[PDB]
Every structure is written in structure tokens, then in C-alpha cells.
């Protein structure tokens, strides 16, 4: 593709391996692809195979456990994780995912998500964690991004951590999806996205840019209750 430069060099592998060397607990990642009709799937697999390879190995166990699924032979898995589009890179039960290759600047958010899940720590504020525990109502976060986008990683990280925090507390009502615009132009145009990152929640554009955690919590709570709040 023309919108991202996949770096599988030894230099990157070295840098990645060094960061992942600090992983605490193992993390499973689920990659959904299609044998055909998916231009970026091959690259996504190369990228994710690289991540798995560079993750630490402790007692024959790779700290990053890669699972790869194809639309055809893995139909039930797609249904289980509620994956309709490919390529998709998901964690948990699919509540944290990238719909579209997490290349370019997204590598930063992908690494951080892996690290935080590994550390059993979302890194969110206590107030946020407490709110997510009891949050009622489903929340579908779509953070529209592109691989080259410099600030997207921060927005993606935030939404993903919200989904993770809720999920780890046994309240998986949040689906945080990082939607790569080039592979999913319809979603980007559904929200009239002019600049990335842009964030939609429950089918409506909610924020343009990277929001503050505390503010995002308000957006999430309001979305859950089907209400509109001020970016304020």
C-alpha cells in the first residue's frame, strides 16, 4: 500500500525485542485475515509474526501468543470475536482491536497495548477505573486513524485502555476499535472524518483529536446513556 511503510528490519526487531523484554505476563493477540480480497492481510501477518518472534521466550513460552484466523476455515472464531472486517488485530475477546493493519505510527500504540495488558495495568486514573467497573450500557468506540498519523496512537491507546479496564473488571461493555481509514474508507466517511484521529462512539462522531482521559470518561458515560455531552 501507499499509506504505510512496513519496517521489518533488524534494527526495529532489536528495538521491539528490547521493549517487549519487559513484558510481565503473556498476552494473546488474535489476527483475522482472508486468503483473498484483502490487500493488507499479508503485511499484517508479517508484522504480527515479527511481534511474536521479538516477544520474550520464557520456558518455551512466547510472551506474545499469536493466533491467526482466516474467514474461511475459522468462521466460528470470527463470530466469537465479532470480527467482520480484515485485517483485524484484536486482544481480549475482541474488545480491543485494530480494524486495518496497525502499521506506521500505530506500532507505538500496538506495542504499548501489548505492554499494558502484559502488566495487568491499564494505567488509567483510579476514578476512571471505578467508573468503568460499574458502567452500564454498551459502548462501541471507533477511533478513525491512518498509519502515518502522528497523534492517532495516543487516541487509540486511550480508547483501548478504556476497553481493557472495563474488560478486566468483568464488565466488557466497551468495544474499542481503531479503524484504519484507507482500508475502511466507508467508516471514515460515515463520520465525515476530515482529520485523524477522530473518535466516534455508538455510531456518532464524538471527538476530533486526542482527548484527555477525564474528558473521554465523560464522553463514554454519556454515550453509554445515549446522551450527548460537551467536548468542554
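Residue numbers count along the first chain shown, from 1.
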Test of understanding: from the entry's C-alpha B-factors, which stretch has the higher mean, 117-125 or 76-84? 76-84
Quick one: say whether 99-107 or 128-136 has the higher mean Cα B-factor in the deposited entry. 128-136
So if I compare the CA B-factors in the entry for 194, 29, 201, 181, which one is the largest? 194
For the listed residues 186, 42, 165, 177, which one has the largest C-alpha B-factor as given in the deposited model? 42
Residue 12 - Cα temperature factor, lowest/middle/highest third of chain: highest
